[PDB]
Asker: 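The structure that follows is given in the form of structure tokens.
Residue indices begin at 1 and follow the sequence shown.
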Amino acid sequence: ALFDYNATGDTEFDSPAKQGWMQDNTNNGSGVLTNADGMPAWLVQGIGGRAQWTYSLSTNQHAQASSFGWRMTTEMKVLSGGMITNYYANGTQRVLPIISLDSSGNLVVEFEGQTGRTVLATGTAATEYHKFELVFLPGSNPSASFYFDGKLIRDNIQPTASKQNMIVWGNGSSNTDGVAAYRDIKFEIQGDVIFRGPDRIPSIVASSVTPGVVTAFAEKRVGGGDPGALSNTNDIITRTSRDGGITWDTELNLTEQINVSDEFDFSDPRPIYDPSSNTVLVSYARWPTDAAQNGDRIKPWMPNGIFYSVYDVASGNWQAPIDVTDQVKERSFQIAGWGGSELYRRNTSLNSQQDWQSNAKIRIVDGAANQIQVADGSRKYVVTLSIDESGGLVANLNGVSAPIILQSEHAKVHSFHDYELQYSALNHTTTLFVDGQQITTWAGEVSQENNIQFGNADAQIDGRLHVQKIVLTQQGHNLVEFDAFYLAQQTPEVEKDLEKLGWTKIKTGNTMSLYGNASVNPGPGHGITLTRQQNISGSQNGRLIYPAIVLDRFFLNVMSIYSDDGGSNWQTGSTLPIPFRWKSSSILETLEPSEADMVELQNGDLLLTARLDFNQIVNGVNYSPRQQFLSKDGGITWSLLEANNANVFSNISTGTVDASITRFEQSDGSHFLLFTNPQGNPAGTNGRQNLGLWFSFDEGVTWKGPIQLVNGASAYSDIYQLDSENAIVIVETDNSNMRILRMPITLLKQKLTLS
Ligand SMILES: CC(=O)N[C@H]1[C@H]([C@H](O)[C@H](O)CO)OC(C(=O)O)=C[C@@H]1NC(=N)N
Ligand SMILES: [Ca+2]
Ligand code: NA
Ligand code: NA
């Protein structure tokens, strides 16, 4: 909430009384409206008496200011004397700066509860207009900092005892003469509620093309629970501000229009601001109302998916939801030959004296020893697919010496491809096609086997492959037809077990296989539009991207979901690389990255920070509740940043919770990273308390802070640059009430520099 006086000659607001301020003069103290040079100002003439203006605040407003902070901004020039007192008192305490011209004619400041004056300006500048700012940060030991034309003058100013209760400006002394002219006074109370608990899971973005336009999101939760609870209906809600996040329009339910029979929960609103179109595109998860991500109750035959809505900033209009599920929710049979091998084989009756064809639609997720094989009673043909050290897609053929690089561009490397073997009876050789393109011809090797086989073939070579289709054809008839894309999404009365469908399973060591994915979910926070991708091969400026949560069957991980055409069509990247170990029980010990946020670094690399849910220890190594990852190819693939986990955020909470990360760019061209998360109470303990703000000035190698932003409850949060000097924060607080902070980043960062 903002309380202000703005000097203007406009007869409709041409004095402080007309703007709700109370006159508080004594004796010969007075004031008058002046028009020095086109710029109106209120001239406070505190000669022979006091001359000030006051604004009263309620008990609640004072309490809010104490919990969530406040800031006071004055534009004034001092003409003469002293006791120029612009300050805030809450009934028990005040921070009182006292501004004056000293006996040398210089502009100086003192603070009650402190000895000493500081010279702010000398010479002609002493009596010119300046911007004076007081910023109060909450906490158990809260303090204020004072800035002069944007520069930190005094930090850690302790509030002092006062029974006064008001916002005050002018000359607050009967005895001490003081004259000053005021253009503007602003007092802002931080932390206004924008979405009420038990609604949850906030996110926020701002428009750079139309300054002042801010759009925030949350889950409307009827019944107050996570998605997936029968007879309860969650929707996505949004509000827009057009004055920089001060006032907000009517809460709008985005999804009820596609929830007309109460069958769904929607969750995890993930907005992206696109400056090229000046739009906000927000993606969110759909769940059946009675099954979702928690407890892995969601299954691939259920209507989990992802939808998006578009906000046109110029017109203020919302575009109806659009389903992108088929583009981003993979349906496949997945074989993870991690620490083992798993193959499926069936005997066939191929005639090697007739042509035959096989089609396999296969994605290589990682590793090697991933095979598709046909033997026709005379010869055996096996294609082994792998990802090499540099991230290329490689085929090796039996009986052929040299490997074939099928693709080196990382996006295409991890995509599905259409493999076709065309056997020619005439030539007694087989031609390999990939995505319609003739690759090579080879004779395979002599064999009396007659079968088709696929999977991961070696217990000593890790590999994961996903299969959508395996077909074998001869004389126009499909001898074998396995459609995992189809089967993955059928209800459970449909037979899907390969071993009950005429295949033989051959397994060694430990493996995991499944029809998936069970669900995809954009996750909590905002996404980004890329602008520094010039030197990132395969990538493109204007890419829309967010780090989504994918549940394959029982394990969570994160992958990029992105669009290179403004959001019309979407693609998915690879999941985060994570360590694994098989426990004695043939149960998988690994990590589950979930709620994630990313930012584009100066060089076009992407930095990702992820919540690590459930188990955090793999092979005796504790990865903490948070882990950072780096992408060098525009978000297609990632690497785990060793020793860059919760440890880099000093005094961060030790409990799992969603965080936020974002870029901040100053008007002089410089930039740095901001990050928000609860500190816990006390800081560094497990608790959704006391939101902290961390800074990185070296592209995410180290973090400074935290600066405490909130006193009390603090859970999920999201931070975004509002303008050249401020960032806007939305944060869950008491009873999950979601509150707005508008933070003077360029002022606050000075608390972290040399003193
Ligand atoms: C999809 C979903 O239900 N996500 C949960 C999330 C989840 O339970 C944990 O990350 C465990 O995997 O945590 C909780 C949480 O407050 O810890 C909020 C999220 N609620 C909503 N996004 N609505
Ligand atoms: Ca987040
Ligand atoms: Na006076
Ligand atoms: Na529900």
Asker: Going by an N to O cut-off under 4.0 Å, is there a salt bridge joining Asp235 and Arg221?
Answerer: no

Asker: Can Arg270 be said to sit on top of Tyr546's aromatic six-ring, NZ or CZ under 6.0 Å from centre and within 45° of the ring axis?
Answerer: no

Asker: Is any NZ, NE, NH1 or NH2 atom of the basic residue among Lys186 and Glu188 found under 4.0 Å from an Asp or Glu carboxylate oxygen of the other?
Answerer: no

Asker: Take a 6.0 Å sphere around NZ of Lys704 and say whether it holds more than 12 heavy atoms from other residues, nucleotides or ligands.
Answerer: no

Asker: Checking the side chain of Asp312 only, and the main-chain atoms of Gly316 only, is there a donor and an acceptor separated by less than 3.5 Å?
Answerer: no

Asker: Using the rule side chain to side chain contact (heavy atoms under 4.5 Å, CB included), only one of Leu691, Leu722, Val710 pairs with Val729; which is it?
Answerer: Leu691

Asker: Between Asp613 and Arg611 (salt bridge meaning N to carboxylate O under 4.0 Å), is one present in this structure?
Answerer: yes

Asker: Evaluate the side chain to side chain contact (heavy atoms under 4.5 Å, CB included) criterion for residues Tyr308 and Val282: first the C-alpha distance (whole Å), next the side-chain angles of each, then the deciding distance (0.1 Å), finally the verdict.
Answerer: CA-CA 5 Å; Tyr308 72 84; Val282 61; 6.0 Å; no

Asker: What I want to find out is whether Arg200 reaches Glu732 closely enough, with some N-O distance under 4.0 Å, to be called a salt bridge.
Answerer: yes

Asker: Tell me whether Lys220 at atom NZ has more than 12 heavy atoms from other residues, nucleotides or ligands lying less than 6.0 Å away.
Answerer: no

Asker: Salt bridge check: are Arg242 and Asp249 linked by an N-O gap of less than 4.0 Å?
Answerer: no

Asker: Are the side chain of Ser241 and the backbone of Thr247 linked by a donor-acceptor contact shorter than 3.5 Å?
Answerer: yes

